[PDB]
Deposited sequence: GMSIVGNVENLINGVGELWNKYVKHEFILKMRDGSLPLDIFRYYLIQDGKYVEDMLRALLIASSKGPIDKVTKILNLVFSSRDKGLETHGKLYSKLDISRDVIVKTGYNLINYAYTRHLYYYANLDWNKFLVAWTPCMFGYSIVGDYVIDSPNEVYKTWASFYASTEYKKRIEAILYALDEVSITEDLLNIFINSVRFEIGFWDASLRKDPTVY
């Protein structure tokens, strides 16, 4: 549908994202644990900002569509197990700075959330939908930590969240401007993985 239309418009960037070196290494088990822990800390900062941006954006969306999404997002383990195992506390996430890509990406989500639901929704789709695909691929990893991580994104509960997002996305008339926002989010995802592999300075 619209997500296929958007993915086709990014060309080679999509595979650069969903088949990134970082992910290939999680799948084969060769990703170093320190690179994954670094990543999880940055993701911990990102997810909180992503949620705040969703809250602002959802205030501007169709009531039926946003209510369905929020019911699944604010519903009521995987990350708690990983965080304790990798010695990542709340204080670690809060006190670690953002790397430059993470800082830029989170500010990109806030920019569109503050303007328009459709723009935010298109900006948010690569992270949500892409992680569904990555989860399905990484779930077959021989490394237990990486299978546990992937299990959250491969779960039926996560697929239900994605279904609700795509239902909202299918109401949007995709334009060149919206494709360009989607392209930028995909570029930030590729950069997010690159920064983790390099363990970039967390000074922002």
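Novice: Numbering the deposited sequence from 1, which residue ranges have no coordinates here?
Specialist: According to the record, the gaps fall at 1-5, 82-86.
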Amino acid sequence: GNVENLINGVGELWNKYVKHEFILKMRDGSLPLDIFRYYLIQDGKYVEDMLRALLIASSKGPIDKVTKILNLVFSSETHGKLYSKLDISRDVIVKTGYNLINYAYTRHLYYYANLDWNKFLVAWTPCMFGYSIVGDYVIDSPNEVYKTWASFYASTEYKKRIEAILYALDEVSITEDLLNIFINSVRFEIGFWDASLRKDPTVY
From here on, numbers count along this sequence of modelled residues.
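Novice: Of the two stretches 105-113 and 78-86, which shows the higher Cα B-factor on average in the entry?
Specialist: That would be 78-86.
Novice: Quick one: say whether 53-61 or 143-151 has the higher mean Cα B-factor in the deposited entry.
Specialist: Going by the record's values, the stretch with the higher mean is 143-151.
Novice: When the CA B-factors of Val94, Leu72, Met128, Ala123 are compared as recorded in the entry, which is the largest?
Specialist: Of the options given, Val94 has the highest CA B-factor in the PDB entry.
Novice: Whose CA atom has the top B-factor in the entry, of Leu33, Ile162, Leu179, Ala168?
Specialist: Highest C-alpha B-factor among the listed residues goes to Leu33.
Novice: Taking the chain's C-alpha temperature factors as the reference, tell me which third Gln42 falls into: lowest, middle or highest.
Specialist: It falls in the middle third of the chain.
Novice: Report the third (lowest, middle or highest) to which the CA temperature factor of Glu48 belongs, ranking only the modelled residues of the same chain.
Specialist: As the PDB entry reports it, the C-alpha B-factor of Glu48 lands in the lowest third of its chain.
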